[PDB]
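In structure tokens, the next block holds one chain alone, the form deposited in one PDB entry.
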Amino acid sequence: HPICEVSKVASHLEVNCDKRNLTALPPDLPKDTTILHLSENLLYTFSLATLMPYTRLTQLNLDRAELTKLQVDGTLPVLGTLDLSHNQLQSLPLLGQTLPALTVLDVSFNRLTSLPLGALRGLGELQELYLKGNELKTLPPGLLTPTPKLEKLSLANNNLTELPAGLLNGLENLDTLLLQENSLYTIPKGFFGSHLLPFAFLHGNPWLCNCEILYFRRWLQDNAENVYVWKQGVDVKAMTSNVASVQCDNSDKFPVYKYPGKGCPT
């Protein structure tokens, strides 16, 4: 209570423990805390089990806290949001068995180089997954099979060279897909299925414009109003779409949706 800032009234009880050189969870915290901020601390190691006493905790922010090892012990039955962004995790924590009600997971800007087969098992309620700014080169097929309710997916600014065929199949609620600034060369045929994807970011990739890019070319033409350019700190309020941002070899004068495709089968 005295160490961190507390704010109550209606909605819930938010506890702010940011920037306090904390190396562990303060033993002095309101048992009814619903939102806990532990950002900007020195949590090289942290154990989720230490939060079990706080039964109403629905949001936990452990971002920018030098997090290196996250111990996933017991169970936090009502935790809905977990922010682990801007930390030093080299492996994705396996959270399914501990955070069954999780809807938002942010592990952006960590040190991930790959994702395991078990990755998202058990996170059936997941709605937002952010993995921007890591160094992923490829994704396991079936990565998103445990998360059919996904609405937002961010794989921006990684090192992806290709996407698994079928990655989006089954995601009938997907509204935002961020894939900008990777090393993507093509899009698997039928990748987007028959689902309407309102916000897609595909710029900053060295698209290879050959006959294999024709599926993507047609999709871009049919979805020109759903393609956008990312702008830090700004909501896609009504931001003007810009299909021309998706370019062959990331060359400004050669947008993929204008690629002629000379010498290519129908």
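Numbering starts at 1 and runs along the sequence shown.
Another form, the form solved in complex with a partner chain, is not on view; read the next lines as being about it.
Note on contacts: among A49, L42, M239, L208, the single residue with a heavy atom within 4.5 Å of the partner chain in the bound PDB entry is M239. Figure note: of the listed segments 231-239, 26-34, 49-57, 66-74, the one touching the partner chain in the bound PDB entry, with heavy atoms no more than 4.5 Å away, is 231-239. Among residues of the shown chain, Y215 is not one whose heavy atoms approach the partner chain to within 4.5 Å in the bound PDB entry.
Residue contact check for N182: none of its heavy atoms lie within 4.5 Å of the partner chain in the bound PDB entry. The partner chain in the bound PDB entry comes within 4.5 Å of no heavy atom belonging to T98. Proximity of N16 to the partner chain in the bound PDB entry: non-hydrogen atoms within 4.5 Å are present.
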